[PDB]
């Protein structure tokens, strides 16, 4: 795969864009988790799959019985990894571009975490799309949080819902989804 268009997909709590606490997610949003599964899995043409790329810490935070994430090519980045094809579902590498070099029959490429990876790749021109689940809470400062996105969104344009709908195909997009004290919306951003 040469110069793939890449999408960041993330769920973040406004206004600070917190995404984690001591190596874990600060919430469990069932519908959001299903959205993530559906969007990263879905392909528009037959006989392809998508790639999901993540940092070593995020990979390790998926319980071992539940990785690799099914139906997607999983790529894990570590500074200690030489290039290695582990199996048909798992690749080890030290950059996104090198990891995708011998990869074929992949449609979309998603960056799925975590903070360090997101905060590097936001300034990688291969990333053309941000799929940000914008989470709100009445008292956001009360949620324990130590891990944040550093996204210069001034350089980005939040697209209308019609663009997000086109991107996700027939995936149902509900507005102002409420779980416990959290309210959320799915968004799509592109570069200016």
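Here the rigid core means the biggest group of C-alpha atoms that line up within 1.5 Å when the two forms are laid on top of each other. Positions refer to the first chain, counted from 1.
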Higher-deviation stretch (C-alpha RMS, rigid core fit) in 8 other deposited structures of this protein, choosing from 95-103 and 74-82: 95-103
For a rigid core alignment of each structure in 8 other deposited structures of this protein onto the shown form, which stretch has the higher root mean square Cα deviation: 34-42 or 61-69? 61-69
Higher-B stretch (mean Cα B-factor, as the entry records it), 143-151 or 59-67: 143-151
Which wins on mean Cα temperature factor, 172-180 or 19-27? 19-27
Looking only at 163, 136, 32, 38, the Cα with the top B-factor belongs to 136
Highest Cα B-factor in the deposition, which of 101, 94, 89, 119? 101
Check where residue 159 lands among this chain's C-alpha B-factors and tell me if it's the lowest, middle or highest third. middle
What third of its chain's C-alpha B-factors does residue 48 belong to: lowest, middle or highest? highest
